[PDB]
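The data below hold one chain only, encoded as C-alpha cells and taken in the form deposited in one PDB entry.
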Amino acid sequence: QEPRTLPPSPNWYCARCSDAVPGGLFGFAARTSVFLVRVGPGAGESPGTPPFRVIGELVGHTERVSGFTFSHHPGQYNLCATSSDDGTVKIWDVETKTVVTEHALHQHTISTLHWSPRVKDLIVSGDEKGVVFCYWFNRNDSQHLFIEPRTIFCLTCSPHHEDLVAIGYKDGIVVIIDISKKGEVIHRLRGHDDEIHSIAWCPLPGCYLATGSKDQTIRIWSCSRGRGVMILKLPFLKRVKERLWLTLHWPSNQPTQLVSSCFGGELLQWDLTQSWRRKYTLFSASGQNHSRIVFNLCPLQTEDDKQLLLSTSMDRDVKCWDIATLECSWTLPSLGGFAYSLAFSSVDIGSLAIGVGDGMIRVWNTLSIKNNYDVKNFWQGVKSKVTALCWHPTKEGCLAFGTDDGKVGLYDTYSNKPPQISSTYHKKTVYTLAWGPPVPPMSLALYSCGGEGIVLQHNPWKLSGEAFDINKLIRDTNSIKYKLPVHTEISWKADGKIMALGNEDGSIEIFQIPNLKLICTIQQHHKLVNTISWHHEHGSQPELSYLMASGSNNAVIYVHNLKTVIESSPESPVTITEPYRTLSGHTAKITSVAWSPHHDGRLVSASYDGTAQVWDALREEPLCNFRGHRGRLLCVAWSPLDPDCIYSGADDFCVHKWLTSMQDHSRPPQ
C-alpha cells in the first residue's frame, strides 16, 4: 500500500549535485531531474525496514542537472537551487515542487553552484569559463565575477564569512575571493597538481580549509597564514590506472575528523588530531561498500538526532551511512537506462525482472520484509540494451532475455553463471520473448520476435542449436506462398493451445497448436502492433480467457473475443473486422497492455503519451490514469500480490510502483 520509485542514477563527475537538510530530506541530481528522499523517523516507514522513502522529483530542466544545493537557513530549509547544462539556475520550493524563480545569467556551461550559508537569498554559481555569478533572489540582484581564465570544478561559500567564497579549478589551483571586493583574490592556494574535486571549510572559526584533488592528496590550508598546514595521501587498500574522485565531508559534530572518498569508492574517516600518525579508518570494516568511486557525501541529521551520511557513486547506488558505527544503514539502487521491460515470474512470486538500457538486468525481490529496494544485478552476457524479458513459466530462476543487438540469452537467476546465449541472432532488436509449446520440426520452447519481423523458435536446452524460423511451418501447414507479413509481436494463449502473432501492417493472426494452422485473421489495427495480451484463465466467467487485448502505433486499444472462432477450428481461415471492445483515450502509441490477475476484464495500458491508464475493459470504462512518469512508458506489469498495485517503466530511466486507488485522474490528458 506504499508507492516505490526506482530512480535514475545520480549524475557523475559533479562536485555538488546532491545535498540534504535536517529533518530527513535528501536531494540528488539524476539525469535532468532532482530526486527528493525523506530519510529518518519522518519517512513513516514500517519497522524493520530502512527508514527512507522517495517522495518527490524536481521536473523542469531541459538538460543534465550539474549542481544542486539546499538552503540551510532555519525556516528556509524547503528552498533549494539547481544548475543545468541548459544554462539556467533555478530556485525551487520542495513543498510545492515548483520553480520559485530562475536565471540564465551564465554564458557558458555551469560547473557547480552553492547556496550561501550566511545570506538567505544568495546563491553563487560558476562556469567552466571561470565566470562566477552571485545571485540574490529576493530582489533579483546579480554580480558578475571573473577571477581567473581557468575551468572551475567546485566552489564553496565560507560558513562564517558572507563575503568569502572558495573556488577550486581543473588545474589544481584554489583561490579565495571576497564578494564585496568584486571577487578580489584574498588568498591563492598553490600545492595541488591536479583538478580540485571538493573544498570543505572547517566548521569552527579560527580559518582552516580542506581540499581534495585528483592528485590523490587532501590538503588543509590556513586562511590566516595563506598556506597549507597538513597534507594527507590517500592510502592503497585491498579489494591500469584507477579512477578517483576525492570529495570531503567535514562533520560539525567532530571538528577533529575528516571524511573523504578513496579509490574504488572506499570511504575514510581521518583523525586530524593524530596528524603525524596520519590515522584513517575504513568505513564498513566488515560488500556494503561502494564498488566504484564516490562523487558526493551528504550529512543528514534525523529528528531522532541520528547522524547519517549519504554517498553517491559511479556504481549507481545511493548509500546511507550511520556515522557512529561507520556502517551502511541502507542502499538505494538506480537505473542507468530506459526501463524497456518488466516481467513477473510465475514460479517465484514477487521476483520482477527489469530490462534496462544500460545493459544490465535487475531482479527486484518485491516480497522482501526487510528491504524495499532489494535488487540483484545481472550484467554478464548482456552488454547490450535489454529490450525483452520473459520468465520461465515452470522453472524458477530461469530468465530469458533479448537485446537491442538481436541477441537472445537464457539466464539462471539463482546461479552466478553467465547466461547461455542462443547461437542464432536476430538481425534487428528483439521486441518480445514468449514461452510456448514446441512446433515442428522441434517441453517448452522459447520464441523470439525480431524487429526485422522474423519469429524464431530456439531449443532452450540446446541454445547452441540452430533456431527454427516459424514462417516455414506457417507456409507448409497452411499452403501459403505469398510473402508472410513481418511479425512485431508474439503472444501465447494461457492454455498454450493458441499462438497470436501481430504484424507490421497492423493485422493479427491466430494459429492452432499442433502445426500452426491459421484459424483466424484480425484486421482492427492500421499500424504496427506493439503488444498483444491474452486474459488469464481463472475468472468468474470461463469464456473470459478468450479475450485478447491489442496495442499498436495507433492510440486506440482493441479487445477481441475469440471463443466463437477458436471453438469452431474452421478448415478455412476466418477474418474478424469488428472488435469486441474498444478502449479509446490515449494520445500516442501503445507500448504494452496487461490484464489484471486479480480482476475479471481489467486492463492496464502503457502509452507514448507518458501515462498509464487502467480500464474496465468489459464496460469500456477508464478507471484511472497514472501520470507520474516524466517520459514515454515502455512497459506495465500488474502486481501479482496486490490488486491495486502496478509497475510501469519509461524512457525517463524510472520504474514506478503506484496504487490504482491513489490516482487523481480517471483518463489520459487531452
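In this text, residue numbers run from 1 along the sequence as written.
Although not depicted, the form solved in complex with a small molecule is the subject of the following passage.
Between the options 549, 522, 157, 529, the residue in contact with the small molecule in the deposited bound form by a heavy atom within 4.5 angstroms is 529. Taking 250, 283, 92, 431 one by one, only a single residue has any non-hydrogen atom within 4.5 Å of the small molecule in the deposited bound form, and it is 431. With the small molecule left out of view, the stretch that reaches within 4.5 Å of it through heavy atoms in the deposited bound form is, among 35 to 43, 628 to 636, 610 to 618, 52 to 60, 628 to 636. Shown alone here, residue 489 lies within 4.5 Å of the small molecule in the deposited bound form, counting heavy atoms only. By the criterion of a heavy atom within 4.5 Å, residue 591 is counted among the residues contacting the small molecule in the deposited bound form.
Looking at residue 221, you'd find every heavy atom of it more than 4.5 angstroms from the small molecule in the deposited bound form. Mapping the unseen interface onto this chain, residue 340 counts among the residues with a heavy atom inside 4.5 Å of the small molecule in the deposited bound form.
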